[PDB]
Structure formats: C-alpha cells, structure tokens
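Engineer: One structure is given below, represented as structure tokens, and several questions about it will come after.
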Amino acid sequence: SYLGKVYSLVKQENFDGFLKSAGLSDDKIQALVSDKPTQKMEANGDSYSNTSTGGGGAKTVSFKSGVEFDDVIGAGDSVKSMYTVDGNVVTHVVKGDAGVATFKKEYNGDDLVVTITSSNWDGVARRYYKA
Ligand SMILES: CCCCCCCCCCCCCCCC(=O)O
C-alpha cells in the first residue's frame, strides 16, 4: 500500500543524539535536524527506487534487496548501503567511517515509522512520517 505514496516528516525524537554519535560537524547536524524531508518508494520488478527531497537536495536512487552498494546520504556522507525489503518493513543498514547504523522503516497505511540505532550510542532515535 505504501508504494508510490509520498511520506513527509511530521516529528522526530533523539535525532540530534544519533547524529552526534555519527561524528558529524555542527553545521551538518543543524541542517539535518532542521530538514523537512519527504520520501517515495516504487517497485520496478527486479529493483526498487527511492525518491527523496530535502537537505542534500532531490534524488532518485535504485537498488536491489540484499545487495550492498556505494552511496551518499544525509548531507553528503559517503557510505556503503544495503537495503532489505520484506513486506511492509524496509531495513537500511549503512556502514561508514564512523561505524554502522540501522534504519528500520515500518509502513502501516499512511504512517511510516523509522527506528534508528547506531554502533556508537545506546539511544534509539525515531522519525515519524505521514502520507
Ligand atoms: C554510525 C553511522 C555511520 C553512517 C553515517 C550516517 C550519517 C547520518 C546521516 C543520515 C540521515 C539519513 C536519514 C534517516 C533515514 C530516514 O529518515 O528514513
């Protein structure tokens, strides 16, 4: 049901904490926390496409479930990303110089909840989006 819908950020918790654990610069942290991103996912048979707007601009990237690839996320951070698509749960594992982070995306109707964990901190961050 989530395919083709645009989800917009409505609220977030502990996101600043998570970014600190990532060792990002203060200006990047400020820009990310102030962003009001949107995201739309599409299925293309063999691959999926994710279109995002906000900080770091507008982009559409394609990927296959289970395959790692070189990527750039956030405000220009270089990482190795790997997404696993399993029904209504999309898990994005990212490996960067700072460590590893997991972004668990759960879709339920018009709501999308993203739970984020990091290898450098014990807190849990949440991003709530609505279509
Ligand atoms: C320990 C982290 C290593 C990788 C570095 C990650 C840098 C963080 C910037 C990522 C923001 C991505 C937005 C979260 C995803 C979502 O909201 O759906």
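So you can find residues: chains in the structure tokens are A, B, ... in the order shown, residues in each start at 1, and ligands are numbered from 1 in order.
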Applying 7 Å and only C-alpha atoms, which residues near residue 95 (chain A) remain after dropping the ones on its own chain fewer than 3 positions away? List them as number ranges by chain.

Structural biologist: A: 79-81, 99-101

Engineer: Could you please take those selected residues and save N, CA, C and O atoms as a PDB file, in the first residue's frame?

Structural biologist:
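What landed in out_35.pdb:
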ATOM      1  N   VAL A  79      28.840   6.343   2.249  1.00  0.00           N
ATOM      2  CA  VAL A  79      28.676   5.098   2.986  1.00  0.00           C
ATOM      3  C   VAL A  79      28.491   3.913   2.035  1.00  0.00           C
ATOM      4  O   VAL A  79      28.451   4.061   0.817  1.00  0.00           O
ATOM      5  N   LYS A  80      28.383   2.731   2.610  1.00  0.00           N
ATOM      6  CA  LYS A  80      28.129   1.522   1.874  1.00  0.00           C
ATOM      7  C   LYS A  80      26.674   1.274   2.354  1.00  0.00           C
ATOM      8  O   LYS A  80      26.447   1.172   3.566  1.00  0.00           O
ATOM      9  N   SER A  81      25.661   1.209   1.475  1.00  0.00           N
ATOM     10  CA  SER A  81      24.290   0.985   1.971  1.00  0.00           C
ATOM     11  C   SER A  81      23.808  -0.397   1.562  1.00  0.00           C
ATOM     12  O   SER A  81      24.286  -0.952   0.578  1.00  0.00           O
ATOM     13  N   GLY A  99      31.101   4.200  11.721  1.00  0.00           N
ATOM     14  CA  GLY A  99      30.581   2.980  12.311  1.00  0.00           C
ATOM     15  C   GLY A  99      29.407   2.442  11.496  1.00  0.00           C
ATOM     16  O   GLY A  99      29.360   2.680  10.298  1.00  0.00           O
ATOM     17  N   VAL A 100      28.475   1.726  12.138  1.00  0.00           N
ATOM     18  CA  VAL A 100      27.326   1.147  11.440  1.00  0.00           C
ATOM     19  C   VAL A 100      26.022   1.635  12.000  1.00  0.00           C
ATOM     20  O   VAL A 100      25.901   1.780  13.200  1.00  0.00           O
ATOM     21  N   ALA A 101      25.041   1.900  11.162  1.00  0.00           N
ATOM     22  CA  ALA A 101      23.781   2.354  11.698  1.00  0.00           C
ATOM     23  C   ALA A 101      22.697   1.548  10.992  1.00  0.00           C
ATOM     24  O   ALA A 101      22.906   1.067   9.856  1.00  0.00           O
TER      25      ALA A 101
END

Engineer: Could you make a table, as CSV, of the residues of chain A that have an atom within 8 Å of an atom of ligand 1, each with its nearest atom pair and distance in Å to one decimal, counting only C-alpha atoms and all ligand atoms, in chain and number order?

Structural biologist:
residue,atom,partner,partner_atom_place_in_ligand_line,distance
A:18,CA,ligand 1,8 (C),7.9
A:19,CA,ligand 1,8 (C),5.9
A:21,CA,ligand 1,1 (C),6.5
A:22,CA,ligand 1,1 (C),4.6
A:24,CA,ligand 1,7 (C),7.3
A:32,CA,ligand 1,11 (C),7.3
A:37,CA,ligand 1,17 (O),7.8
A:39,CA,ligand 1,18 (O),7.6
A:73,CA,ligand 1,10 (C),5.7
A:74,CA,ligand 1,9 (C),4.2
A:75,CA,ligand 1,9 (C),6.7
A:77,CA,ligand 1,7 (C),5.9
A:78,CA,ligand 1,5 (C),7.6
A:79,CA,ligand 1,4 (C),6.3
A:94,CA,ligand 1,4 (C),5.6
A:95,CA,ligand 1,4 (C),5.4
A:96,CA,ligand 1,4 (C),4.3
A:97,CA,ligand 1,3 (C),6.5
A:98,CA,ligand 1,3 (C),4.9
A:99,CA,ligand 1,1 (C),4.2
A:100,CA,ligand 1,1 (C),4.5
A:101,CA,ligand 1,2 (C),4.6
A:103,CA,ligand 1,15 (C),6.1
A:105,CA,ligand 1,18 (O),6.7
A:114,CA,ligand 1,18 (O),5.9
A:116,CA,ligand 1,14 (C),7.6
A:118,CA,ligand 1,1 (C),5.0
A:119,CA,ligand 1,1 (C),5.8
A:120,CA,ligand 1,1 (C),6.3
A:127,CA,ligand 1,17 (O),5.9

Engineer: Using only C-alpha atoms, which protein or nucleic acid residues come within 10 Å of region 8-12 of chain A? Drop anything in the same chain fewer than 4 positions from it, and give the result as a list in words.

Structural biologist: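 Once the adjacent positions are removed, what remains is residues 16, 33, 35, 36, 37, 38, 39, 40, 52, 53, 111, 112, 113, 114, 115, 125, 126, 127, 128, 129, 130 and 131 of chain A.
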
Engineer: In Å, rounded to a single decimal, give me how far CA of residue 47 (chain A) is from CA of residue 124 (chain A).

Structural biologist: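 Interatomic distance, CA of residue 124 (chain A) to CA of residue 47 (chain A): 29.6 Å.
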
Engineer: Extract the full set of strand (DSSP E) residues from chain A according to DSSP on the backbone, and format it as a PyMOL selection string.

Structural biologist: chain A and resi 7-13+38-44+47-53+59-63+69-73+77-86+89-96+99-108+111-118+121-130

Engineer: With distances taken over only C-alpha atoms, which residue among A:117, A:72, A:20, A:3 lies nearest residue 57 (chain A)?

Structural biologist: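 Among the listed residues, the smallest separation from residue 57 (chain A) belongs to A:72.
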
Engineer: I want to know what sits within 10 Å of region 62-69 of chain A, based on only C-alpha atoms, with residues of the same chain fewer than 4 positions away left out; could you give that as a PyMOL selection string?

Structural biologist: chain A and resi 41-51+79-86+90-95

Engineer: Run DSSP on the backbone of this structure and report the residues of chain A it assigns to alpha helix (DSSP H), as a ChimeraX atom specification.

Structural biologist: /A:15-21,26-34

Engineer: Would you mind exporting the chosen residues as a CSV table (one decimal), in the first residue's frame, restricted to N, CA, C and O atoms?

Structural biologist:
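File written: part_21.csv
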chain,number,residue,atom,x,y,z
A,15,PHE,N,16.9,12.5,17.4
A,15,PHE,CA,17.7,12.5,16.2
A,15,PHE,C,19.0,13.3,16.4
A,15,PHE,O,20.0,12.9,15.8
A,16,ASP,N,19.0,14.3,17.2
A,16,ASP,CA,20.3,15.0,17.3
A,16,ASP,C,21.3,14.1,18.0
A,16,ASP,O,22.5,14.2,17.7
A,17,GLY,N,20.9,13.3,18.9
A,17,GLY,CA,21.7,12.4,19.7
A,17,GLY,C,22.3,11.4,18.8
A,17,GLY,O,23.5,11.1,18.8
A,18,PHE,N,21.5,10.9,17.8
A,18,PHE,CA,22.0,10.0,16.9
A,18,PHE,C,23.1,10.6,16.0
A,18,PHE,O,24.1,10.0,15.7
A,19,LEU,N,22.8,11.8,15.5
A,19,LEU,CA,23.8,12.5,14.6
A,19,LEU,C,25.1,12.8,15.3
A,19,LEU,O,26.2,12.7,14.7
A,20,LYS,N,25.1,13.1,16.6
A,20,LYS,CA,26.3,13.3,17.4
A,20,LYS,C,27.1,12.1,17.4
A,20,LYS,O,28.3,12.1,17.3
A,21,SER,N,26.5,11.0,17.6
A,21,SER,CA,27.2,9.7,17.7
A,21,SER,C,27.8,9.3,16.3
A,21,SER,O,28.6,8.4,16.3
A,26,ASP,N,29.0,20.3,13.4
A,26,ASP,CA,27.8,21.0,14.0
A,26,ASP,C,27.0,21.6,12.9
A,26,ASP,O,25.7,21.7,13.0
A,27,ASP,N,27.5,22.1,11.8
A,27,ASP,CA,26.7,22.7,10.8
A,27,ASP,C,25.8,21.6,10.0
A,27,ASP,O,24.7,21.9,9.6
A,28,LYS,N,26.4,20.4,9.9
A,28,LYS,CA,25.7,19.4,9.2
A,28,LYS,C,24.6,18.9,10.1
A,28,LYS,O,23.5,18.6,9.7
A,29,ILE,N,24.9,18.9,11.4
A,29,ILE,CA,23.9,18.5,12.4
A,29,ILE,C,22.7,19.4,12.4
A,29,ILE,O,21.6,19.0,12.3
A,30,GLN,N,23.0,20.7,12.4
A,30,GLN,CA,22.0,21.7,12.3
A,30,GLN,C,21.1,21.6,11.1
A,30,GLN,O,19.9,21.7,11.1
A,31,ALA,N,21.7,21.4,9.9
A,31,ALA,CA,21.0,21.4,8.7
A,31,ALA,C,20.1,20.1,8.7
A,31,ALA,O,18.9,20.2,8.4
A,32,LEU,N,20.6,19.0,9.2
A,32,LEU,CA,19.8,17.8,9.2
A,32,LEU,C,18.7,17.8,10.1
A,32,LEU,O,17.6,17.3,9.8
A,33,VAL,N,18.9,18.4,11.3
A,33,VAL,CA,17.8,18.5,12.2
A,33,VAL,C,16.7,19.4,11.8
A,33,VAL,O,15.6,19.4,12.2
A,34,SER,N,17.1,20.4,11.0
A,34,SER,CA,16.0,21.4,10.6
A,34,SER,C,15.3,20.9,9.3
A,34,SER,O,14.3,21.5,8.9

Engineer: Would you mind reading off the distance between CA of residue 109 (chain A) and CA of residue 56 (chain A), one decimal, in Å?

Structural biologist: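 Distance reported for this atom pair: 27.1 Å.
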
Engineer: Counting only C-alpha atoms, which residue out of A:25, A:14, A:60, A:2 sits closest to residue 89 (chain A)?

Structural biologist: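 Closest to residue 89 (chain A) of all the choices is A:2.
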